[PDB]
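Each remark here refers to the structure printed beneath this line.
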Amino acid sequence: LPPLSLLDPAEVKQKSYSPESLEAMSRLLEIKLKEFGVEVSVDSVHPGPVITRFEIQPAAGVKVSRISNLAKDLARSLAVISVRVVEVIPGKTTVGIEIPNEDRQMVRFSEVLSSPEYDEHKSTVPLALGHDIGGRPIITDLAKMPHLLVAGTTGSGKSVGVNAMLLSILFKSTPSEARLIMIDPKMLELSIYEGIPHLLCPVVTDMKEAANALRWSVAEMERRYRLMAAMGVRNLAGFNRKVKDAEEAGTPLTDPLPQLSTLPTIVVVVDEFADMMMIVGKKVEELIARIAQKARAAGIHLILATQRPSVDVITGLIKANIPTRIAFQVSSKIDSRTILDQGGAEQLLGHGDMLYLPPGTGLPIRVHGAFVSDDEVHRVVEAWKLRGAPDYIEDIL
Amino acid sequence: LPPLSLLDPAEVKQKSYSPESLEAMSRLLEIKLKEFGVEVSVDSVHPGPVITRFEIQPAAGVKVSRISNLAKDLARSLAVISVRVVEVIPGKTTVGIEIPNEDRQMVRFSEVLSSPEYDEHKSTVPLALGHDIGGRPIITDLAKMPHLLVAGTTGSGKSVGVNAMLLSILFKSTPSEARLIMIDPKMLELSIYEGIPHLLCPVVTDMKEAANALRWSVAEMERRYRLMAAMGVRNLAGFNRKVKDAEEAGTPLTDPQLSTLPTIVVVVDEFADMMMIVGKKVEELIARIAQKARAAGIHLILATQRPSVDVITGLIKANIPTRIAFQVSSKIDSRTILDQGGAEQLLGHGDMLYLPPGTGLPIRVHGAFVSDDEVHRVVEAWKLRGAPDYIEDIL
DNA sequence: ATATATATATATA
DNA sequence: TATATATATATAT
Ligand SMILES: Nc1ncnc2c1ncn2[C@@H]1O[C@H](COP(=O)(O)OP(=O)(O)O)[C@@H](O)[C@H]1O
Ligand SMILES: Nc1ncnc2c1ncn2[C@@H]1O[C@H](COP(=O)(O)OP(=O)(O)O)[C@@H](O)[C@H]1O
């Protein structure tokens, strides 16, 4: 485990303007919406790093569709790039309008990881994603999702988000706990992660090797289910508690079908399963559906990623089994419905601005993706290559 | 029989939402509906565990569709998360507005079994599903359904639902009048039930052995139909009345001494894996069961995770008219199982849509939570009473 | 000005 | 490929 200070340090923040500017922008929003058909007063002003949520209290009779279907013209008349209308704030009566600022400060990855949520976290595969709309950091947990879609068009930060997730893995767990599998169909982005002991294979490029890696993941899932069936334990955390107590009790356990040890948590990232499905066919779709159907209790987790938010790629079989979605900036409302079963993803800004959809029944929480760069990535990868030796399992292909 | 005191005790409920706190909400609802186009008057209030139905009488000359289009904004302006406008309360002249409570309240299973409906129930296979939208216990016999599909996404309260159904079997029925075939294609979930005398086998692992057990079940159904045709018997309950004509009333019979033919409830945890791995001959077996087996003595609790045409075709659709649907992720899946819409609107954690046989109208049922410790207690209470009476040649 | 009807657009059996 | 549903648009209110 390298220390957290090997990242780029925190710069000087400059936002959160004088309250006369916030009151002037509140009165400007009231005047512009009054010049349109609606009439609404600004309730409260919440500043933020990138955007500034204006909670406004709609008057009698005015609907929310009459606020959502003129956001284009409101963003034009407020001289900003694009505005976003929150249809529902949880537990209030108002309607959130989020306006970008003049200067747009980035999200610093050390400022994300310097949080007590990440620092005193319980699990072994956390995923620090970035701040909320006001600077409060979001740190999710991949063993609670248990799978993850990522989409959004180019120039929006998909590979930067995947690198933020993978450094969130690599700053906490040893290779005895979180052992990765990386399937990069290009040679472009995820090729930098070579050498670290957290891998199982060299970073898989060709699609026959991708299908072989998914079939080996199916085999690992089946042998872990058979082993936990023999030992009667429902989940992997209880299994590791059992085997740790058995090894510390002086009588370690045995082969159900030698000596067993603590199993790691396999995280299988995929960078473009659009192109993977394109080259191979429906067999990859059936394998991803099988893994997303069964592999929660066996520790196999997925980080999917795709450029195209279309029905050819994110099919219904993938949507029904993976309930946690990340939505970056997409092209239009049809792409937003394909990724989140609802609108609201097209109104973003890009360059690290996502809509985290939490697992289960939920409302999308706007998260700003942490900007992790090639300096930090290369430095932490060389740190792990100097702190450990590579270990590849040969028969995965 | 095991005692009902094995379950966890009914904790004194956090009966929140005082009558002034709901009277103020009703006055606020009629004011915030009068601010929009409609005019309304609140008729009565039914406070409940999870969702609270506000029965409202609309004004003269206003339509339900105005309330339906106005629904999301009404849910926005009342400081709640969602709403659902029931277009028709059966038998009344009102419109049901169901506002979900912000306190998702757990339903303990002893709070469902202790109803007088369940204790005075006579059939061998009751299913304690949970409470209704109003909070009253809903007990539904399995013998009148006659089969039951279960579908819903991962983390919706499905294994807890199958555990509640099987404990509803086990808290009333002896090993004489009920006997379970547990087809568990996942190796992980329902191995906890191993040891009870209510099994015909150790709990089945492989789809090959599961298909062998289903062939055995087809053959047992066929010999039961042939013996009922020999005895001139019009259903299973008529043959248990012939059992009452037998040594139950102290007059023995012959073997054309016929004992009880136990009602078989075949649970399948994931038949999606089976019907995608081994093919469609299993679907031929399931269709030949599900078309005929009501008057036979073999029933199926089918559970899955793919409400799709790849799993649930039209073959296993028209023959199972009683379906449990948990939280699915699309209206397309809702039309795939319930043949209507409204299944993705569920609030998760066992809150299902019991679709009764006959009337094709959904009946929403909150799922009863049963923990794994209560399961170990019931497994212990059955292992301390009876050795496993197997027909071991099923595999 | 705006709820309704309708022609067509995309997703699925 | 035929169709069920969904979305944008005259239209008359
Ligand atoms: N938090 C952020 N702040 C600023 N820029 C960001 C942030 N996150 C991502 N980016 C931008 O996203 C770009 C990477 O996009 P990428 O994921 O490679 O798109 P694709 O993989 O679809 O081609 C980088 O050039 C970077 O400038
Ligand atoms: N009646 C209930 N009340 C509250 N939570 C419930 C209830 N029934 C089930 N659950 C929740 O559902 C979870 C189990 O889901 P499960 O049936 O295992 O889904 P799956 O089988 O798809 O994994 C449990 O963690 C439990 O908390």
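Just remember, in the structure tokens the first chain shown is A, the second B, etc., residues are 1-based per chain, and ligands are 1-based in the order shown.
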**Request:** Run DSSP on the backbone and grab whatever in segment 160-376 of chain A lands in strand (DSSP E or B); send it over as a PyMOL selection string.
**Result:** chain A and resi 180-183+204+267-270+301-303+325-327+353-357+365-369+371
Write to file, as an mmCIF file, in the first residue's frame, the residues of the selection just made, with N, CA and C atoms.
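Written file, again_13.cif:
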data_model
loop_
_atom_site.group_PDB
_atom_site.id
_atom_site.type_symbol
_atom_site.label_atom_id
_atom_site.label_comp_id
_atom_site.auth_asym_id
_atom_site.auth_seq_id
_atom_site.Cartn_x
_atom_site.Cartn_y
_atom_site.Cartn_z
ATOM 1 N N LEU A 180 -7.658 -8.226 -9.943
ATOM 2 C CA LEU A 180 -8.351 -7.637 -11.081
ATOM 3 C C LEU A 180 -8.249 -8.513 -12.324
ATOM 4 N N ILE A 181 -9.144 -8.247 -13.274
ATOM 5 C CA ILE A 181 -9.056 -8.733 -14.647
ATOM 6 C C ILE A 181 -9.412 -7.560 -15.543
ATOM 7 N N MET A 182 -8.521 -7.200 -16.457
ATOM 8 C CA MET A 182 -8.737 -6.043 -17.311
ATOM 9 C C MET A 182 -8.849 -6.480 -18.758
ATOM 10 N N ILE A 183 -9.935 -6.096 -19.402
ATOM 11 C CA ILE A 183 -10.190 -6.474 -20.782
ATOM 12 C C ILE A 183 -10.290 -5.173 -21.568
ATOM 13 N N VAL A 204 -6.164 -7.964 -21.657
ATOM 14 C CA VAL A 204 -6.694 -8.728 -22.776
ATOM 15 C C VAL A 204 -7.145 -7.791 -23.882
ATOM 16 N N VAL A 267 -12.571 -8.406 -9.746
ATOM 17 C CA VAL A 267 -13.240 -7.290 -10.402
ATOM 18 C C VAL A 267 -12.824 -7.294 -11.862
ATOM 19 N N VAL A 268 -13.790 -7.469 -12.752
ATOM 20 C CA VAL A 268 -13.533 -7.622 -14.178
ATOM 21 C C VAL A 268 -13.978 -6.336 -14.858
ATOM 22 N N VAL A 269 -13.036 -5.461 -15.185
ATOM 23 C CA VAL A 269 -13.395 -4.249 -15.908
ATOM 24 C C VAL A 269 -13.443 -4.562 -17.396
ATOM 25 N N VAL A 270 -14.315 -3.858 -18.108
ATOM 26 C CA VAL A 270 -14.449 -3.968 -19.554
ATOM 27 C C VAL A 270 -14.519 -2.551 -20.095
ATOM 28 N N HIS A 301 -17.203 -9.176 -9.858
ATOM 29 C CA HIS A 301 -17.872 -7.911 -10.106
ATOM 30 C C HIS A 301 -17.445 -7.380 -11.466
ATOM 31 N N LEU A 302 -18.308 -6.574 -12.079
ATOM 32 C CA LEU A 302 -18.045 -6.016 -13.399
ATOM 33 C C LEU A 302 -18.053 -4.499 -13.365
ATOM 34 N N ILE A 303 -17.164 -3.902 -14.143
ATOM 35 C CA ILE A 303 -17.200 -2.475 -14.443
ATOM 36 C C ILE A 303 -17.333 -2.383 -15.957
ATOM 37 N N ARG A 325 -26.124 2.227 -12.397
ATOM 38 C CA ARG A 325 -25.731 2.838 -13.655
ATOM 39 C C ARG A 325 -24.981 4.134 -13.412
ATOM 40 N N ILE A 326 -23.936 4.351 -14.201
ATOM 41 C CA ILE A 326 -23.267 5.637 -14.316
ATOM 42 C C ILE A 326 -23.598 6.190 -15.687
ATOM 43 N N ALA A 327 -24.078 7.424 -15.734
ATOM 44 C CA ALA A 327 -24.406 8.075 -16.994
ATOM 45 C C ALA A 327 -23.615 9.364 -17.096
ATOM 46 N N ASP A 353 -18.576 14.660 -15.617
ATOM 47 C CA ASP A 353 -19.819 15.042 -14.964
ATOM 48 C C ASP A 353 -20.830 13.936 -15.220
ATOM 49 N N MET A 354 -21.165 13.177 -14.183
ATOM 50 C CA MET A 354 -21.955 11.967 -14.344
ATOM 51 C C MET A 354 -23.225 12.029 -13.509
ATOM 52 N N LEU A 355 -24.142 11.111 -13.797
ATOM 53 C CA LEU A 355 -25.336 10.899 -12.982
ATOM 54 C C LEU A 355 -25.278 9.489 -12.411
ATOM 55 N N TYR A 356 -24.814 9.375 -11.174
ATOM 56 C CA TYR A 356 -24.802 8.097 -10.481
ATOM 57 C C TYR A 356 -26.219 7.684 -10.140
ATOM 58 N N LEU A 357 -26.645 6.537 -10.656
ATOM 59 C CA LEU A 357 -27.916 5.964 -10.266
ATOM 60 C C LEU A 357 -27.659 4.909 -9.206
ATOM 61 N N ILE A 365 -28.105 10.772 -8.618
ATOM 62 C CA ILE A 365 -27.349 11.743 -7.843
ATOM 63 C C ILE A 365 -26.232 12.264 -8.726
ATOM 64 N N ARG A 366 -26.194 13.572 -8.952
ATOM 65 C CA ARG A 366 -25.202 14.136 -9.858
ATOM 66 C C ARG A 366 -23.843 14.181 -9.179
ATOM 67 N N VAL A 367 -22.881 13.465 -9.746
ATOM 68 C CA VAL A 367 -21.544 13.334 -9.191
ATOM 69 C C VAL A 367 -20.563 13.885 -10.214
ATOM 70 N N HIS A 368 -19.580 14.645 -9.752
ATOM 71 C CA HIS A 368 -18.529 15.152 -10.618
ATOM 72 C C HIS A 368 -17.346 14.197 -10.542
ATOM 73 N N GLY A 369 -16.948 13.649 -11.688
ATOM 74 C CA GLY A 369 -15.905 12.636 -11.697
ATOM 75 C C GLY A 369 -14.542 13.223 -11.377
ATOM 76 N N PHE A 371 -10.774 13.995 -11.506
ATOM 77 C CA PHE A 371 -9.812 14.047 -12.603
ATOM 78 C C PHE A 371 -8.509 13.414 -12.148
#
**Request:** Give as a ChimeraX atom specification the residues surrounding ligand 1 up to a distance of 8 Å, considering only C-alpha atoms (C1' of nucleotides) and all ligand atoms.
**Result:** /A:106-108,152-161,189,306-307,350-353,368-372
**Request:** Write out as a PyMOL selection string every residue belonging to chain C that has an atom at most 12 Å from any atom of chain A, counting only C-alpha atoms (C1' of nucleotides).
**Result:** chain C and resi 1-2+9-12
How about saving the chosen residues, C-alpha atoms (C1' of nucleotides) kept, as an mmCIF file, in the first residue's frame?
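Dumped to result.cif:
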data_model
loop_
_atom_site.group_PDB
_atom_site.id
_atom_site.type_symbol
_atom_site.label_atom_id
_atom_site.label_comp_id
_atom_site.auth_asym_id
_atom_site.auth_seq_id
_atom_site.Cartn_x
_atom_site.Cartn_y
_atom_site.Cartn_z
ATOM 1 C "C1'" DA C 1 -53.254 29.410 -24.681
ATOM 2 C "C1'" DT C 2 -53.394 24.281 -24.182
ATOM 3 C "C1'" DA C 9 -40.600 6.410 -34.690
ATOM 4 C "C1'" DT C 10 -38.327 3.135 -32.284
ATOM 5 C "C1'" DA C 11 -38.291 -1.252 -29.659
ATOM 6 C "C1'" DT C 12 -39.873 -6.078 -29.346
#
**Request:** Pick out the residues sitting within 6 Å of residue 56 of chain B, and hand them over as a ChimeraX atom specification; count only C-alpha atoms (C1' of nucleotides), and ignore anything fewer than 3 positions along from it in its own chain.
**Result:** /B:41-43,94-95
Selection export as a PDB file, in the first residue's frame, atoms kept: N, CA and C atoms:
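Final output, result-v5.pdb:
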ATOM      1  N   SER B  41     -62.569  16.207  -2.708  1.00  0.00           N
ATOM      2  CA  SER B  41     -62.844  16.148  -1.279  1.00  0.00           C
ATOM      3  C   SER B  41     -62.445  14.773  -0.769  1.00  0.00           C
ATOM      4  N   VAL B  42     -61.655  14.742   0.305  1.00  0.00           N
ATOM      5  CA  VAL B  42     -61.144  13.482   0.833  1.00  0.00           C
ATOM      6  C   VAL B  42     -62.263  12.741   1.548  1.00  0.00           C
ATOM      7  N   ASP B  43     -62.456  11.476   1.186  1.00  0.00           N
ATOM      8  CA  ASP B  43     -63.567  10.693   1.713  1.00  0.00           C
ATOM      9  C   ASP B  43     -63.174   9.948   2.986  1.00  0.00           C
ATOM     10  N   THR B  94     -65.257   6.208  -5.621  1.00  0.00           N
ATOM     11  CA  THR B  94     -64.137   7.079  -5.315  1.00  0.00           C
ATOM     12  C   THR B  94     -62.940   6.725  -6.187  1.00  0.00           C
ATOM     13  N   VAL B  95     -61.837   7.430  -5.958  1.00  0.00           N
ATOM     14  CA  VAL B  95     -60.581   7.203  -6.658  1.00  0.00           C
ATOM     15  C   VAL B  95     -59.487   7.068  -5.613  1.00  0.00           C
TER      16      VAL B  95
END
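Minimum distance to chain A across B:121, B:306, B:15, B:92 (counting only C-alpha atoms) occurs at B:306.
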**Request:** Excluding residue 11 of chain D and any residue of its chain fewer than 2 positions from it, enumerate the residues within 9 Å of it, using only C-alpha atoms (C1' of nucleotides), and give them as a PyMOL selection string.
**Result:** (chain C and resi 4-5) or (chain D and resi 13)
**Message:** Only residues of chain A matter here; which ones have an atom within 7 Å of chain B, counting only C-alpha atoms? Give them as a VMD selection string.
**Reply:** chain A and resid 60 to 61 63 to 64 88 90 to 93 225 to 226 229 234 320 to 321
Include C-alpha atoms and write out the residues we just selected as a PDB file, in the first residue's frame.
ATOM      1  CA  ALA A  60     -50.023  27.437  -7.716  1.00  0.00           C
ATOM      2  CA  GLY A  61     -51.016  25.413 -10.755  1.00  0.00           C
ATOM      3  CA  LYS A  63     -46.497  21.896 -13.464  1.00  0.00           C
ATOM      4  CA  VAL A  64     -42.939  20.573 -13.759  1.00  0.00           C
ATOM      5  CA  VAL A  88     -37.688  16.021  -7.728  1.00  0.00           C
ATOM      6  CA  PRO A  90     -35.947  14.078  -2.124  1.00  0.00           C
ATOM      7  CA  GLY A  91     -38.133  15.157   0.763  1.00  0.00           C
ATOM      8  CA  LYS A  92     -38.875  18.752  -0.252  1.00  0.00           C
ATOM      9  CA  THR A  93     -41.474  20.647  -2.262  1.00  0.00           C
ATOM     10  CA  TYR A 225     -20.337 -21.612  -5.693  1.00  0.00           C
ATOM     11  CA  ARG A 226     -19.501 -25.309  -5.358  1.00  0.00           C
ATOM     12  CA  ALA A 229     -22.055 -25.066  -1.228  1.00  0.00           C
ATOM     13  CA  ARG A 234     -23.931 -17.910   1.785  1.00  0.00           C
ATOM     14  CA  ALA A 320     -32.387  -6.235 -16.162  1.00  0.00           C
ATOM     15  CA  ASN A 321     -29.466  -7.753 -14.246  1.00  0.00           C
TER      16      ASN A 321
END
Go through chain A and flag each residue having an atom no more than 10 Å from ligand 2; for those, report the closest pair of atoms plus their distance in Å to one decimal, using only C-alpha atoms and all ligand atoms, ordered by chain and rising number, as a tab-separated table.
residue	atom	partner	partner_atom_place_in_ligand_line	distance
A:293	CA	ligand 2	22 (O)	8.9
A:294	CA	ligand 2	23 (O)	8.8
A:296	CA	ligand 2	23 (O)	8.4
A:297	CA	ligand 2	23 (O)	8.9
A:321	CA	ligand 2	22 (O)	9.7
**Item:** Picked from segment 109-335 of chain A by DSSP as helix (DSSP H, G or I), as number ranges by chain
**Value:** A: 109-113, 116-119, 142-144, 158-170, 190-193, 207-230, 236-248, 273-280, 282-294, 316-321, 333-335
Need the shell around segment 137-148 of chain B: protein/DNA/RNA residues with any atom at most 7 Å away, counting only C-alpha atoms (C1' of nucleotides). Skip same-chain ones fewer than 5 positions apart. Format as a PDB file with N, CA and C atoms, in the first residue's frame?
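As written to disk, around_35.pdb reads:
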ATOM      1  N   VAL B 112     -48.232 -12.596  10.565  1.00  0.00           N
ATOM      2  CA  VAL B 112     -49.032 -13.089   9.457  1.00  0.00           C
ATOM      3  C   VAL B 112     -49.663 -14.437   9.783  1.00  0.00           C
ATOM      4  N   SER B 115     -53.135 -14.825  12.288  1.00  0.00           N
ATOM      5  CA  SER B 115     -54.466 -14.430  11.872  1.00  0.00           C
ATOM      6  C   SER B 115     -55.438 -15.593  12.042  1.00  0.00           C
ATOM      7  N   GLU B 117     -57.627 -16.345   9.853  1.00  0.00           N
ATOM      8  CA  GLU B 117     -57.754 -16.946   8.529  1.00  0.00           C
ATOM      9  C   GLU B 117     -56.805 -18.121   8.371  1.00  0.00           C
ATOM     10  N   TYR B 118     -55.597 -18.003   8.921  1.00  0.00           N
ATOM     11  CA  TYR B 118     -54.599 -19.045   8.734  1.00  0.00           C
ATOM     12  C   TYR B 118     -54.829 -20.214   9.679  1.00  0.00           C
ATOM     13  N   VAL B 125     -51.980 -26.869   1.751  1.00  0.00           N
ATOM     14  CA  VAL B 125     -50.946 -25.989   1.211  1.00  0.00           C
ATOM     15  C   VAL B 125     -51.335 -24.510   1.252  1.00  0.00           C
ATOM     16  N   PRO B 126     -51.439 -23.875   2.421  1.00  0.00           N
ATOM     17  CA  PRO B 126     -51.658 -22.429   2.428  1.00  0.00           C
ATOM     18  C   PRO B 126     -50.347 -21.688   2.237  1.00  0.00           C
ATOM     19  N   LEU B 127     -50.449 -20.491   1.676  1.00  0.00           N
ATOM     20  CA  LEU B 127     -49.291 -19.637   1.458  1.00  0.00           C
ATOM     21  C   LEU B 127     -49.514 -18.324   2.190  1.00  0.00           C
ATOM     22  N   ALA B 128     -48.806 -18.132   3.296  1.00  0.00           N
ATOM     23  CA  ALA B 128     -48.833 -16.852   3.992  1.00  0.00           C
ATOM     24  C   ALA B 128     -47.915 -15.906   3.238  1.00  0.00           C
ATOM     25  N   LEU B 129     -48.510 -14.997   2.473  1.00  0.00           N
ATOM     26  CA  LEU B 129     -47.740 -14.064   1.668  1.00  0.00           C
ATOM     27  C   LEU B 129     -47.397 -12.798   2.437  1.00  0.00           C
ATOM     28  N   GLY B 130     -48.340 -12.272   3.195  1.00  0.00           N
ATOM     29  CA  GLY B 130     -48.115 -11.079   3.976  1.00  0.00           C
ATOM     30  C   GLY B 130     -49.402 -10.296   4.110  1.00  0.00           C
ATOM     31  N   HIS B 131     -49.251  -9.006   4.377  1.00  0.00           N
ATOM     32  CA  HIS B 131     -50.404  -8.137   4.515  1.00  0.00           C
ATOM     33  C   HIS B 131     -50.773  -7.505   3.180  1.00  0.00           C
ATOM     34  N   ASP B 132     -51.992  -6.990   3.124  1.00  0.00           N
ATOM     35  CA  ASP B 132     -52.497  -6.293   1.956  1.00  0.00           C
ATOM     36  C   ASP B 132     -52.077  -4.827   2.010  1.00  0.00           C
ATOM     37  N   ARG B 294     -53.554 -29.946 -11.828  1.00  0.00           N
ATOM     38  CA  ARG B 294     -54.316 -29.403 -10.704  1.00  0.00           C
ATOM     39  C   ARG B 294     -55.009 -30.508  -9.917  1.00  0.00           C
ATOM     40  N   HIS B 299     -47.701 -29.818  -7.735  1.00  0.00           N
ATOM     41  CA  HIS B 299     -47.775 -28.387  -7.962  1.00  0.00           C
ATOM     42  C   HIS B 299     -46.369 -27.822  -8.092  1.00  0.00           C
ATOM     43  N   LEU B 300     -46.274 -26.636  -8.693  1.00  0.00           N
ATOM     44  CA  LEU B 300     -44.988 -26.010  -8.975  1.00  0.00           C
ATOM     45  C   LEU B 300     -44.939 -24.577  -8.469  1.00  0.00           C
ATOM     46  N   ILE B 301     -43.890 -24.266  -7.717  1.00  0.00           N
ATOM     47  CA  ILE B 301     -43.509 -22.898  -7.397  1.00  0.00           C
ATOM     48  C   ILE B 301     -42.281 -22.598  -8.243  1.00  0.00           C
ATOM     49  N   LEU B 302     -42.485 -21.954  -9.384  1.00  0.00           N
ATOM     50  CA  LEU B 302     -41.389 -21.630 -10.280  1.00  0.00           C
ATOM     51  C   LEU B 302     -40.866 -20.237  -9.970  1.00  0.00           C
ATOM     52  N   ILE B 320     -50.216 -21.317 -16.358  1.00  0.00           N
ATOM     53  CA  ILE B 320     -50.028 -20.863 -14.983  1.00  0.00           C
ATOM     54  C   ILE B 320     -50.688 -19.494 -14.864  1.00  0.00           C
ATOM     55  N   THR B 322     -51.699 -17.829 -12.208  1.00  0.00           N
ATOM     56  CA  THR B 322     -51.501 -17.166 -10.923  1.00  0.00           C
ATOM     57  C   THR B 322     -50.013 -16.896 -10.773  1.00  0.00           C
ATOM     58  N   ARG B 323     -49.629 -15.622 -10.715  1.00  0.00           N
ATOM     59  CA  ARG B 323     -48.231 -15.238 -10.857  1.00  0.00           C
ATOM     60  C   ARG B 323     -47.830 -14.249  -9.777  1.00  0.00           C
ATOM     61  N   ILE B 324     -46.658 -14.464  -9.189  1.00  0.00           N
ATOM     62  CA  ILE B 324     -46.044 -13.504  -8.279  1.00  0.00           C
ATOM     63  C   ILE B 324     -45.006 -12.715  -9.056  1.00  0.00           C
ATOM     64  N   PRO B 357     -56.080 -16.125  -9.402  1.00  0.00           N
ATOM     65  CA  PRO B 357     -56.726 -16.811 -10.524  1.00  0.00           C
ATOM     66  C   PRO B 357     -58.146 -16.317 -10.722  1.00  0.00           C
TER      67      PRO B 357
END
**Item:** Residues of chain B within 12 Å of chain D, only C-alpha atoms (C1' of nucleotides) counted, as a ChimeraX atom specification
**Value:** /B:331-332,335,341
Using C-alpha atoms, can you export the residues from the last selection as a PDB file, in the first residue's frame?
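Writing the result to again-v7.pdb gives the following:
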ATOM      1  CA  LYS B 331     -42.757  -2.455 -18.260  1.00  0.00           C
ATOM      2  CA  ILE B 332     -41.835  -4.924 -21.029  1.00  0.00           C
ATOM      3  CA  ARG B 335     -46.202  -7.445 -19.815  1.00  0.00           C
ATOM      4  CA  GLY B 341     -48.188  -2.901 -16.591  1.00  0.00           C
TER       5      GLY B 341
END
Neighbour list for segment 65-82 of chain A as a PDB file with C-alpha atoms, in the first residue's frame, cut-off 8 Å, only C-alpha atoms (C1' of nucleotides), skip fewer than 5 positions in-chain:
ATOM      1  CA  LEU A  28     -32.332  37.130 -12.942  1.00  0.00           C
ATOM      2  CA  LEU A  29     -33.806  33.616 -12.968  1.00  0.00           C
ATOM      3  CA  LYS A  32     -36.455  35.276 -17.074  1.00  0.00           C
ATOM      4  CA  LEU A  33     -38.988  32.659 -15.992  1.00  0.00           C
ATOM      5  CA  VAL A  38     -44.388  30.395 -15.632  1.00  0.00           C
ATOM      6  CA  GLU A  87     -37.756  17.134 -11.368  1.00  0.00           C
ATOM      7  CA  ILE A  99     -26.762  26.434 -13.436  1.00  0.00           C
ATOM      8  CA  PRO A 100     -23.039  26.159 -14.278  1.00  0.00           C
ATOM      9  CA  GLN A 347     -28.332  18.085 -19.730  1.00  0.00           C
ATOM     10  CA  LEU A 348     -24.855  17.512 -18.280  1.00  0.00           C
ATOM     11  CA  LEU A 349     -21.603  19.292 -19.092  1.00  0.00           C
TER      12      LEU A 349
END
**Prompt:** With only C-alpha atoms as the basis for distance, which of B:134, B:116, B:314, B:90 is at the shortest distance from residue 48 of chain B?
**Reply:**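 Counting only C-alpha atoms, the residue closest to residue 48 of chain B is B:134.
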